[PDB]
Amino acid sequence: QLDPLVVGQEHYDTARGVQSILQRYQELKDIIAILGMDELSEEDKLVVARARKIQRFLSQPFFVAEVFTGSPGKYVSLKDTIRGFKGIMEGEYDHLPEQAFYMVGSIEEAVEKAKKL
Amino acid sequence: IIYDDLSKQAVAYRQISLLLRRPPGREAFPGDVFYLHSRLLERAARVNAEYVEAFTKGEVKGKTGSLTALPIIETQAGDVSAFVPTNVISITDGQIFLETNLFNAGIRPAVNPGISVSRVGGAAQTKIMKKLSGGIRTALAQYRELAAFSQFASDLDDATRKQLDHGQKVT
Amino acid sequence: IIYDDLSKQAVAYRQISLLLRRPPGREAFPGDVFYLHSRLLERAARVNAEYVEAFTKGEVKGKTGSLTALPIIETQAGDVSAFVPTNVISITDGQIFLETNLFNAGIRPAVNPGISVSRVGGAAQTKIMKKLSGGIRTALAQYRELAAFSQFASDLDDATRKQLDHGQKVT
Amino acid sequence: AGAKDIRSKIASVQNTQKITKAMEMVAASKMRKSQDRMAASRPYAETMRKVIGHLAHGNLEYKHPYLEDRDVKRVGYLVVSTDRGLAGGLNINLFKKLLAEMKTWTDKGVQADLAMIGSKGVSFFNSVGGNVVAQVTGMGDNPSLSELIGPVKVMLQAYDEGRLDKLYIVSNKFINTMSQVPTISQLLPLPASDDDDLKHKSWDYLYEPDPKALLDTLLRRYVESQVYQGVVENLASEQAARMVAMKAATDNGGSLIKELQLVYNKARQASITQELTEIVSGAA
Amino acid sequence: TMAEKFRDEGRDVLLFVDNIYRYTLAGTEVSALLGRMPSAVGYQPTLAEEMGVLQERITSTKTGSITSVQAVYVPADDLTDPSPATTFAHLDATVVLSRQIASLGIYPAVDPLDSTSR
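Residues numbered from 1 in each chain as written, not as in the entry; some residues may be left out. Chains lettered and ligands numbered in written order. Part of a larger assembly, values for the part shown. Heavy atoms only, no water.

Structure determination for this PDB entry is given in the record as cryo-EM, at a resolution of 3.1 Å.

Under the annotation held in the PDB entry, chain B carries the name ATP synthase subunit alpha and is attributed to Escherichia coli 2-427-07_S4_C3. Recorded in the entry header as its title is "E. coli ATP synthase State 3a".

Going by the PDB entry, chain A carries the name ATP synthase subunit beta and comes from Escherichia coli Xuzhou21.

## Points about the packing of aromatic side chains
Considering all chains together, one arrives at 13 aromatic pairs over all chains under this definition. The structure contains a cluster of three or more aromatic residues connected by ring pairs, namely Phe57(A), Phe85(A) and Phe101(A). When the ring centre of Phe103(C) is taken as reference, the NZ or CZ atom of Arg108(C) above it lies at 3.9 Å. Looking at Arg70(D), its charged tip hangs above the ring of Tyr159(D), at a distance of 4.3 Å from the centre. (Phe/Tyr/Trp six-rings, centres within 6.5 Å; stacked < 30°, edge-to-face > 60°. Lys NZ or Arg CZ within 6 Å of the ring centre and 35° of its normal.)

## Concerning the interface of chain E and chain B
Contact residues are listed per partner, giving twelve residues for chain E and twelve residues for chain B. In total, chain E and chain B occlude about 970 Å² of area from one another, counting both sides; carbon and sulfur atoms represent 62% of this. Across the chain E-chain B interface, the total number found is two residue pairs in polar contact. Partitioned by chemical class, the residues of the side of chain E that touches chain B number six nonpolar, four polar and two charged. (Contact = heavy atoms within 4.5 Å. Buried area = accessible area lost by both parts, 1.4 Å probe. Polar contact = N/O pair within 3.5 Å; in protein donor to acceptor, adjacent residues only side chain to side chain. Nonpolar A, V, L, I, M, F, W, Y, C, P; charged D, E, K, R; others polar.)

## Comments concerning the interface of chain B and chain D
The partner chain D presents six residues to the seven residues of chain B that form the contact. The interface formed by chain B and chain D includes zero residue pairs in polar contact.

## Regarding the nonpolar core
All names here are of chain D. If you look at the biggest cluster of nonpolar residues, it comprises 38 residues, and the most contacted ones within it are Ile 52, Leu 78, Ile 117, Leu 148, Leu 188, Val 227 and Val 231. Mapped by element, the contributors of at least two residues to this core are α1 (3–39), α2 (42–57), β1 (74–80), β2 (111–117), α5 (145–160), β4 (165–176), β5 (179–188) and α6 (211–282). Looking at this core, the element that brings in the most residues is α6, giving eleven residues. Counting residues domain by domain, this core receives three or more from each of domain 1 (1–59 + 206–284) and domain 2 (60–205). Apart from the residues within four sequence positions on either side, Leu 78 is in contact with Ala 115, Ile 117, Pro 151, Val 152, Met 155, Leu 167, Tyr 168, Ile 169, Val 170 and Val 227. (Core = buried A, V, L, I, M, F, W, Y, C linked by side-chain atoms within 4.5 Å. Buried < 20%, exposed > 50% of the residue type's maximum accessible area, 1.4 Å probe, protein only. Helix = DSSP H or I, 4+ residues; strand = E, 2+ residues; numbered from the N terminus. Domains from an automatic or database assignment.)

## Observations regarding a nonpolar patch on the surface
Residue and element names in this part refer to chain A. A cluster of nonpolar residues, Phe 62, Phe 63, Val 64 and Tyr 75, forms a patch on the protein surface that exposes about 550 Å² of accessible area. Position of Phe 63 among the secondary structure elements: in the loop between α3 (42–57) and α4 (78–89). Residue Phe 63 is classed as exposed on the basis of its relative accessible area, which comes to 53%. (Patch = residues over 30% accessible without salt bridge, like charges linked within 9 Å, V, L, I, M, F, W, Y side chains within 5 Å. Areas by Shrake-Rupley, 256 points an atom, 1.4 Å probe, with all protein chains shown as cover. Salt bridge = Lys/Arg side-chain N within 4 Å of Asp/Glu carboxyl O.)

## A few points about a negative patch on the surface
A contiguous patch of negative charge on the surface is contributed by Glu27(C), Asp79(C), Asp5(D) and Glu278(D). Along the chain, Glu278(D) turns up in helix α6. Using a relative accessible area of 32% as the deciding quantity, one classes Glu278(D) as partly exposed. (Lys, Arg positive; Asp, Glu negative; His and termini not counted. Charge placed at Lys NZ, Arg CZ, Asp CG, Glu CD.)

## Focus: the pattern of salt bridges
All told, the structure shown has 33 salt bridges over all chains when counted by the stated rule. When the shortest N-O distance is used, the salt bridge between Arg161(B) and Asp157(B) registers 3.9 Å. Classification of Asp157(B) as partly exposed rests on a relative accessible area of 39%. Between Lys8(C) and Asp5(C) there is a salt bridge, and its shortest N-O distance comes to 2.4 Å. Residue classification places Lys8(C) among the exposed positions, given a relative accessible area of 53%. On the basis of relative accessible area, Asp5(C) is assigned to the buried category, the value being 16%. One network of salt bridges, with partners in common, ties together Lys30(D), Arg84(D), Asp141(D), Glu238(D) and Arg242(D).

## Quick word on helix α2 (residues 34–41) of chain B
All of the buried residues along α2(B) are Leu36(B), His37(B), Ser38(B), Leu40(B) and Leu41(B). Close packing links the buried residues of α2(B) with α1 (6–19) and α4 (83–89) of chain B.

## Quick look at the pairing of strand β3 (residues 64–70) of chain E
All names here are of chain E. Note that strand β1 (residues 12–17) and β3 share six bridges and pair parallel. The partner of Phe 16 across the bridge, within β3, is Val 69. In terms of strand pairing, strand β2 (residues 60–61) meets β3 through two bridges, oriented antiparallel. Residue pairing across strands places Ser 60 opposite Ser 65, the latter belonging to β3. In sequence, β2 turns back onto β3 through a hairpin of two residues. (Pairing = 2+ DSSP bridges.)

## Thoughts on the side chain of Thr86(E)
Residues and elements named next belong to chain E. Its location among the elements puts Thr 86 in helix α4 (residues 82–87). For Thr 86, a relative accessible area of 15% corresponds to the buried category. Of note is the side chain of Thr 86, whose polar atom sits 2.6 Å from the backbone oxygen of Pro 82. The residues touching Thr 86, leaving out its near neighbours within four places in the chain, are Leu 47, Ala 48 and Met 51.

## So, the sheet that holds β3(E)
A sheet is described by the order of its strands in space; here three strands give the open sequence β1-β3-β2 (chain E), paired in mixed fashion. Edge positions in the open sheet fall to β1 and β2 of chain E, since each of these has one partner strand only.

## Quick word on the packing of α1(D) against α6(D)
Residue and element names in this part refer to chain D. Running from N to C, α1 and α6 point in directions that differ by 160 degrees, and their axes come no closer than 7 Å. In terms of orientation, α1 and α6 fall into the roughly antiparallel class. With respect to the hand of their crossing, α1 and α6 are arranged in left-handed fashion. Among the residues forming the contact of α1 with α6, the class breakdown is 23 nonpolar, ten polar and ten charged. (Axes fitted to C-alpha atoms, helices over the stretch in contact; angles between N-to-C directions. Parallel < 35°, antiparallel > 145°, perpendicular 65-115°, else oblique. Left-handed = near helix turned anticlockwise from the far one by under 90°.)

## Some points on the pairing of β2(D)
Residues and elements named next belong to chain D. Summarising burial for β2: six of the seven residues are buried, a large majority. As defined by bridge partners, β1 adjoins β2 across seven bridges and the pair is classed as parallel. Paired with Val 79 across the bridge in β2 is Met 116. As a crossover connection, the stretch from β1 through helix α3 (residues 90–107) into β2 is right-handed. Tracing the backbone out of β2, into helix α4 (residues 119–128) and back to the parallel element strand β3 (residues 132–136) gives a crossover that is right-handed. (Right-handed = clockwise from strand over helix to strand, strands pointing away.)

## Notes on the sheet that holds β2(D)
All names here are of chain D. Strand order in this open sheet of five strands is β3-β2-β1-β4-β5, and the pairing throughout is mixed. Either end of the sheet is taken by a strand with one partner, and the two such strands are β3 and β5. Ignoring which end each strand starts from, the neighbouring axes of this sheet average 20 degrees apart. Note: β4 against β5, nine bridges, orientation antiparallel. Opposite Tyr 168, over in β5, you have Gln 186 as the bridge partner. Contacting β1, β2, β4 and β5, α6 crosses the sheet at an angle of about 35 degrees to β4.

## A few points about unusual backbone geometry
In this chain, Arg108(B) is followed by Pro109(B) through a cis amide linkage whose omega measures 0 degrees. Residues other than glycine seldom take positive phi values, yet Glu27(B) does so here, at roughly 55 degrees. If you trace the backbone, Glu27(B) turns up in the loop between α1 and α2. For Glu27(B), a relative accessible area of 34% translates into the label partly exposed. Not every positive phi belongs to a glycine, and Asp77(E) is a case in point at roughly 60 degrees. Residue position: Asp77(E) is located in the loop between β3 and α4.

## Considering α4(D)
Those residues of α4(D) lying buried are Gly121(D), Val122(D), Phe124(D) and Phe125(D). Looking at the buried residues of α4(D), the elements they touch are α3 of chain A together with β1, α3, β2 and β3 of chain D. Trailing α4(D) by a residue or two, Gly129(D) shows a phi angle of about 95 degrees, which is positive.

Put into structure tokens, the structure is as follows:
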């Protein structure tokens, strides 16, 4: 069902951008392992950081996992998730730390978690 | 009950199966090696009092019995992506993974967080212990990976000087 | 004619041949799997005007018949050294290799040039396309030669920087 | 996987480790040669700063623009950077410190200008959009003063012409063979001498031809040495940082060898058994 | 079985096995000759029992004891191969000899960092 004629152009483009930059991060992992992250071009450091922030924002707390951790479960609507990933990809949240995105609901919870570190 | 090595019961059963000329599968183990451990470990259970009444013909009215199992598995070179280790991980509830690197570094018992889990979870604990120790294993799951990634220096010292001294003293 | 998953005709034939107790070859495939696909694919042919005129006993003249075959094959993690992929790569006139590392990066259709061959070449092209394609082949070949330096770019000379950023635009 | 496919990558990573070891050795020798050339440069600046202190802060203290703190309305920086990568985090720490200070200066609404030594900073600041106005690149292991004459001349002319004020040099201080720190230091207006030449009371030079036109040349030549000194210290710091970085890269390669060999062993065991089981099970 | 007769007399005995890997490999050859199905890496199906039947007789007893020193060979330098993996289950100590220590003119050339005992 991940076709523009089924899910709309905005959803399709967001999903494909996420895939594209996670794949670009996969391609950089092997050189980061050898030489360290300081050899990367200035724009490659940015795709690395945004890829790690996407990887964190993909996490979510569950109502059934509410007994393995203590976090309350979150329900995220499709509109909010594409609204958040489209925001991350184009750099409007570049200033937050990675941990602001770990185990949150919509992006407006990540901006709040950033305040409490 | 403690089975000191299921990874050697599996080898003895493989010997028996190959002497009986049965076709082997992955890693030369028989096809039904999973059914070797499952029908064993599936007997460690907690039973309701109606079952104890129906079994003991009424004599023990209103107590619940249980059998707790702790099988031991030995994995070559620390990998868990292997046939029998993964077969038993797919049967038991929890998973205490003891790591050789931690063990050499003096951290004993070498309980590796992030890989080890308890699928029963906080339901098993006394509520004091449950509340005091809320989510720390997942905290260390990231503390470890970040101390592994951020090797060059303690940069972006927002609270990492507190985080990675708390997570050190906890260990 | 498109054959979708010849690698599933091969599996159905392996099943039939293993239920008949025939001697299993490599990966349990029977010995005659090649002779299964070849006498299929060699039926795709272009046929000259005299064969057509003789077959139809007149009623057609001057015309040449044709039948084009596009068999599809699935590989497990990109390995070409398997049995059925080896046979079919040996039989056909060329290959279009679709790779997942290109598909993920957004290059769609993810055909991998250079690793992909057509032995009919320009003979099956309009002369305008035959004229224009040679510079694309050479551009992508130079790009493949230089691509090792991509993640070290901005260190490079400008004369090779031009080739490197031209190959990216062709891609 | 595939046993041959994994052995090929084991060989590739071993070759990489060997290359990085050779680079560590080369850098560890160039570091010594560079840090000796660094010591060969002290006497000029020292024995010239004593003279400048005598003519400037001694008796009959003369008056010169470069000696006094006119009000600041725009600032200038001389930026030294490496011409070669693989130096670790050396250049980016320095450029980030420069951007922090240059942003603090533009909070007050002052304008700022840059002059670049080395190719890396030239590449960086055009991407950030900095106002570079003069540059020299391609110094390599052989930094001449007769090439630094140019941009230092541009900055000095822009200073005495009234445009710039309070110009700086930013560079890496070589402190230990494994410790180099980015520093921003003030060259003009001239920093204040710790020592006092009141003890020079008892003598005065026979200035031929005349003291003011001579102090001008002394001050111009002095900023040049201090810049040149900054360039040579930055070069020795680059060599030390590349040494450390290639050391780390060789150890990372040495661990990837362990992981790849474990994978190769598992692959070859699985291949032996998967072949021999097919053979034995095929024989009815 | 000669070491065991020395044990019964009340003595402490040393038994040297010049290469136990060749004991495993000859068991594999005999197993193949008898026509039994090949085990994890082609080794015999009875590998872990043929090894234990030997190594279980080398024990201290309340009349005497047999200690054993066994030269070990690791195929393809693989400490995961079934033969090393089965042998290491029984060893109590492990002494590594290194040529670097001998080039230093130090004898015995025991590597003290990798040498191990439980």
